[PDB]
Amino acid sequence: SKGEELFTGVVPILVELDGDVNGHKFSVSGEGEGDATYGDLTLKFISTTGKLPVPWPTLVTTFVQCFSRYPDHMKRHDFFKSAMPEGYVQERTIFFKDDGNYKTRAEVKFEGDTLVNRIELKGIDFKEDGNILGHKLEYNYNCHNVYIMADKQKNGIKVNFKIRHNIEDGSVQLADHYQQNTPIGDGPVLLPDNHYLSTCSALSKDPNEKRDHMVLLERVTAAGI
């Protein structure tokens, strides 16, 4: 399964994001590795242009579902890997309730032996003293099930889900996600039936790192079939 073979072992991952939110331009690089046999990955991100104008947690979803563990009985529903090595384009719109929104476009594919997620994010309509720009979110993250549905139209998948971010002293700030993924190559892909990705994420910090950074650790497993 060409694509599948690509993920038998541990694969290094590189993430490159260029962003602009309300005119606050910034860049982030991440490096790590993942092992789809188990569905685990670890990534370390560094804000390379200065202190991030948005809270780290808000960028988690943006920063590689091909690393999900798809159980054997579900192998025929693994679109993400089926598109590799040429890759896929992942696009999203994330609306922070009562706040601005992020629009992202990324490309995920192999470069050499590394799996790279190269992103362009543009956010607007945000509120300066808002939870976002004001950095009032706690530095934590939750676990969720994200439902995946095919999209014959785009020849890929559609997905929608909400992320709940905890507010320092408030409730939570909702971040409503709309996602589309389409193959990059012209070859055939796997269009799966409806299912979901069970996703565990947690955030950490690195004792030796002086720059603004985030350590993201996760375990993701496909299910629902």
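Residue positions are given as counts along the sequence shown, with the first one as 1.
Per the record, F63 and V64 are separated by 1 to 3 deposited residues that have no coordinates.
Of the two segments examined, 103-111 and 119-127, it is 119-127 that shows the higher average Cα temperature factor in the deposited entry. Stretch comparison (216-224 versus 1-9) by mean CA B-factor in the PDB entry places 1-9 on top.
Within the selection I46, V189, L41, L197, the deposited Cα B-factor values reach their highest point at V189.
Per the deposited coordinates, the residue with the largest Cα temperature factor out of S171, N181, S68, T58 is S171.
In this PDB entry, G185 carries a Cα temperature factor that places it within the highest third of its chain's modelled residues. When the modelled residues of the chain are ordered by C-alpha B-factor, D72 sits in the highest third. Annotation for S29: C-alpha temperature factor in the lowest third relative to the rest of the modelled chain, per the entry. Ranked by C-alpha B-factor against the other modelled residues of its chain, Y141 falls in the highest third. Ranked by C-alpha B-factor against the other modelled residues of its chain, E209 falls in the lowest third.
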